[PDB]
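So this one's structure.json, JSON, C-alpha atoms:
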```
[["chain", "number", "residue", "atom", "x", "y", "z"],
["L", 26, "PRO", "CA", 94.71, -69.12, -9.98],
["L", 27, "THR", "CA", 91.96, -71.32, -8.56],
["L", 28, "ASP", "CA", 90.69, -74.22, -10.65],
["L", 29, "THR", "CA", 87.14, -72.76, -10.56],
["L", 30, "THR", "CA", 85.74, -75.71, -12.53],
["L", 31, "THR", "CA", 84.81, -78.18, -9.77],
["L", 32, "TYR", "CA", 82.42, -77.63, -6.86],
["L", 33, "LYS", "CA", 84.15, -76.64, -3.63],
["L", 34, "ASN", "CA", 81.16, -76.94, -1.27],
["L", 35, "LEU", "CA", 81.24, -80.71, -0.75],
["L", 36, "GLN", "CA", 81.88, -80.89, 3.00],
["L", 37, "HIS", "CA", 78.15, -80.95, 3.69],
["L", 38, "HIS", "CA", 77.81, -84.38, 2.10],
["L", 39, "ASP", "CA", 79.44, -85.74, 5.29],
["L", 40, "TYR", "CA", 77.36, -83.83, 7.84],
["L", 41, "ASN", "CA", 75.18, -85.82, 10.23],
["L", 42, "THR", "CA", 72.26, -85.35, 12.61],
["L", 43, "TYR", "CA", 74.30, -83.61, 15.33],
["L", 44, "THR", "CA", 76.68, -81.53, 13.21],
["L", 45, "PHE", "CA", 74.99, -78.23, 14.06],
["L", 46, "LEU", "CA", 74.68, -78.76, 17.81],
["L", 47, "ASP", "CA", 78.22, -80.15, 18.06],
["L", 48, "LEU", "CA", 79.59, -76.94, 16.57],
["L", 49, "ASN", "CA", 77.38, -74.98, 18.96],
["L", 50, "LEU", "CA", 78.81, -76.98, 21.86],
["L", 51, "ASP", "CA", 82.32, -76.41, 20.53],
["L", 52, "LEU", "CA", 81.66, -72.66, 20.17],
["L", 53, "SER", "CA", 80.61, -72.16, 23.80],
["L", 54, "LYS", "CA", 84.18, -71.60, 24.99],
["L", 55, "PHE", "CA", 84.61, -68.51, 22.80],
["L", 56, "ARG", "CA", 81.36, -66.79, 23.79],
["L", 57, "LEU", "CA", 81.33, -63.76, 26.03],
["L", 58, "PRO", "CA", 79.41, -63.73, 29.34],
["L", 59, "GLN", "CA", 75.72, -63.18, 28.78],
["L", 60, "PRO", "CA", 73.77, -60.23, 30.20],
["L", 61, "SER", "CA", 71.25, -60.79, 32.96],
["L", 62, "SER", "CA", 67.73, -59.46, 33.40],
["L", 63, "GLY", "CA", 68.19, -59.79, 37.18],
["L", 64, "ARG", "CA", 65.64, -62.56, 37.79],
["L", 65, "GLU", "CA", 65.78, -66.31, 37.27],
["L", 66, "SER", "CA", 62.80, -65.94, 34.93],
["L", 67, "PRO", "CA", 59.72, -63.76, 34.38],
["L", 68, "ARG", "CA", 58.18, -66.35, 36.77],
["L", 69, "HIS", "CA", 56.12, -68.74, 34.72],
["I", 47, "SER", "CA", 31.64, -54.95, 27.29],
["I", 48, "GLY", "CA", 29.16, -52.32, 26.09],
["I", 49, "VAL", "CA", 28.61, -49.49, 28.57],
["I", 50, "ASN", "CA", 25.56, -47.83, 27.04],
["I", 51, "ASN", "CA", 23.24, -49.11, 29.81],
["I", 52, "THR", "CA", 25.33, -47.47, 32.59],
["I", 53, "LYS", "CA", 24.51, -43.85, 31.71],
["I", 54, "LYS", "CA", 21.17, -43.00, 33.36],
["I", 55, "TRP", "CA", 19.91, -42.98, 36.92],
["I", 56, "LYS", "CA", 17.20, -45.50, 37.77],
["I", 57, "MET", "CA", 14.57, -45.64, 40.51],
["I", 58, "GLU", "CA", 13.22, -49.07, 41.47],
["I", 59, "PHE", "CA", 11.08, -50.32, 44.33],
["I", 60, "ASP", "CA", 11.82, -52.88, 47.02],
["I", 61, "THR", "CA", 11.10, -56.42, 45.87],
["I", 62, "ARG", "CA", 8.09, -58.17, 47.40],
["I", 63, "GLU", "CA", 6.72, -61.69, 47.57],
["I", 64, "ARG", "CA", 6.15, -63.74, 44.44],
["I", 65, "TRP", "CA", 4.39, -67.09, 44.79],
["I", 66, "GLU", "CA", 3.44, -70.06, 42.66],
["I", 67, "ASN", "CA", 0.04, -70.05, 41.00],
["I", 68, "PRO", "CA", -1.72, -73.29, 42.05],
["I", 69, "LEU", "CA", -3.28, -73.87, 38.63],
["I", 70, "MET", "CA", -0.42, -73.31, 36.19],
["I", 71, "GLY", "CA", 2.65, -72.71, 38.33],
["I", 72, "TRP", "CA", 2.95, -69.12, 37.12],
["I", 73, "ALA", "CA", 4.58, -66.46, 39.30],
["I", 74, "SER", "CA", 1.83, -64.49, 41.06],
["I", 75, "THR", "CA", 2.14, -61.19, 42.89],
["I", 76, "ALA", "CA", 0.25, -58.68, 44.99],
["I", 77, "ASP", "CA", 2.76, -55.85, 44.51],
["I", 78, "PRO", "CA", 1.39, -53.24, 42.06],
["I", 79, "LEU", "CA", 4.83, -51.58, 41.91],
["I", 80, "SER", "CA", 6.80, -54.75, 41.19],
["I", 81, "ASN", "CA", 7.77, -53.61, 37.66],
["I", 82, "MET", "CA", 8.04, -49.84, 38.13],
["I", 83, "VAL", "CA", 11.32, -48.44, 36.79],
["I", 84, "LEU", "CA", 11.87, -44.71, 36.31],
["I", 85, "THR", "CA", 14.79, -43.13, 34.45],
["I", 86, "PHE", "CA", 16.47, -39.90, 35.48],
["I", 87, "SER", "CA", 19.16, -37.71, 33.96],
["I", 88, "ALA", "CA", 20.72, -36.87, 37.33],
["I", 89, "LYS", "CA", 20.81, -38.20, 40.87],
["I", 90, "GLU", "CA", 19.27, -34.93, 42.02],
["I", 91, "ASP", "CA", 16.30, -35.34, 39.66],
["I", 92, "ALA", "CA", 15.61, -38.81, 41.07],
["I", 93, "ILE", "CA", 15.92, -37.62, 44.67],
["I", 94, "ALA", "CA", 13.53, -34.76, 43.94],
["I", 95, "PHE", "CA", 10.96, -37.11, 42.40],
["I", 96, "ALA", "CA", 11.01, -39.56, 45.33],
["I", 97, "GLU", "CA", 10.69, -36.79, 47.94],
["I", 98, "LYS", "CA", 7.56, -35.21, 46.44],
["I", 99, "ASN", "CA", 5.93, -38.64, 46.15],
["I", 100, "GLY", "CA", 6.66, -39.42, 49.81],
["I", 101, "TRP", "CA", 8.86, -42.45, 49.14],
["I", 102, "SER", "CA", 11.72, -43.30, 51.45],
["I", 103, "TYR", "CA", 14.79, -43.77, 49.27],
["I", 104, "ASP", "CA", 18.34, -45.04, 49.39],
["I", 105, "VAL", "CA", 20.79, -43.46, 46.95],
["I", 106, "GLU", "CA", 23.98, -45.22, 45.81],
["I", 107, "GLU", "CA", 26.84, -43.32, 44.21],
["I", 108, "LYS", "CA", 27.70, -43.89, 40.57],
["I", 109, "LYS", "CA", 30.65, -46.23, 39.99],
["I", 110, "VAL", "CA", 32.97, -45.27, 37.15],
["I", 111, "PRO", "CA", 35.71, -47.71, 36.07],
["I", 112, "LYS", "CA", 39.07, -46.41, 37.18],
["I", 113, "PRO", "CA", 41.51, -45.04, 34.57],
["I", 114, "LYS", "CA", 44.12, -47.62, 33.64],
["I", 115, "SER", "CA", 47.57, -47.56, 32.05],
["I", 116, "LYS", "CA", 47.76, -49.86, 29.03],
["I", 117, "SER", "CA", 51.10, -50.50, 27.34],
["I", 118, "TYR", "CA", 51.26, -53.10, 24.60],
["I", 119, "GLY", "CA", 55.05, -52.85, 24.88],
["I", 120, "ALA", "CA", 54.93, -54.06, 28.49],
["I", 121, "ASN", "CA", 54.11, -57.54, 27.15],
["I", 122, "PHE", "CA", 57.76, -57.88, 26.04],
["I", 123, "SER", "CA", 59.66, -56.55, 29.04],
["I", 124, "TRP", "CA", 63.37, -57.13, 29.49],
["I", 125, "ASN", "CA", 63.26, -57.61, 33.27],
["I", 126, "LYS", "CA", 59.65, -57.23, 34.52],
["I", 127, "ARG", "CA", 56.95, -59.77, 35.31],
["I", 128, "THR", "CA", 54.58, -58.16, 32.78],
["I", 129, "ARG", "CA", 56.25, -60.18, 30.01],
["I", 130, "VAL", "CA", 53.58, -62.47, 28.60],
["I", 131, "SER", "CA", 54.48, -66.11, 28.00],
["I", 132, "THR", "CA", 51.99, -66.43, 25.13],
["I", 133, "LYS", "CA", 50.19, -64.38, 22.48]]
```

When written as structure tokens, how does the structure in this file appear?
Amino acid sequence: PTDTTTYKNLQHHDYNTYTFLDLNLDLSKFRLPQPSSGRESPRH
Amino acid sequence: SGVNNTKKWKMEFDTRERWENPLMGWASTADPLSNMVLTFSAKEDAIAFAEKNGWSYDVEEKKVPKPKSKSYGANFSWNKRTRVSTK
């Protein structure tokens, strides 16, 4: 049985300014190829 | 945007010379018909009125705005140039 008396969500005390966008960069390899609208943009 | 003043036919006369009044600078005229405006319910009524009064006339056809297709959903198109960049 788990201890269930301490707090087990303490990893976030060590996060920094770029934690979110580093995971996003790391996650790019797993993504599936995006769909295309057919144009480079709606032409701005 | 109101369109209420585009519903009746109008008859107006050819514009004539206006000149500066030497005393005050006011706009003077010798044209007794310079302000005459007549309203008609139909083009044919106006034509009939000019002909019996012996006035040469030019008649211009009524202009109606063209019907248009409005789609609020077009502002958010997947792959068309109608997608708006701002709201």

Using all atoms listed in the file, which chain I residues lie at most 7 Å away from chain L, written as an MDAnalysis selection string? chainID I and resid 124:127 129

Spatial neighbours of residue 54 of chain I, 7 Å, all atoms listed in the file, chain gap at least 6 places, as a list in words: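 Listing them by chain and then by number gives residues 85, 86 and 87 of chain I.
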
Exercise: segment 56-70 of chain I partners within 7 Å, all atoms listed in the file, chain neighbours under 4 positions left out, as a CSV table (one decimal) with C-alpha atoms, in the frame of the given file:
```
chain,number,residue,atom,x,y,z
I,74,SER,CA,1.8,-64.5,41.1
I,75,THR,CA,2.1,-61.2,42.9
I,77,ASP,CA,2.8,-55.8,44.5
I,79,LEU,CA,4.8,-51.6,41.9
I,80,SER,CA,6.8,-54.8,41.2
I,82,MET,CA,8.0,-49.8,38.1
I,83,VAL,CA,11.3,-48.4,36.8
I,84,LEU,CA,11.9,-44.7,36.3
I,85,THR,CA,14.8,-43.1,34.4
I,86,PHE,CA,16.5,-39.9,35.5
I,92,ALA,CA,15.6,-38.8,41.1
```
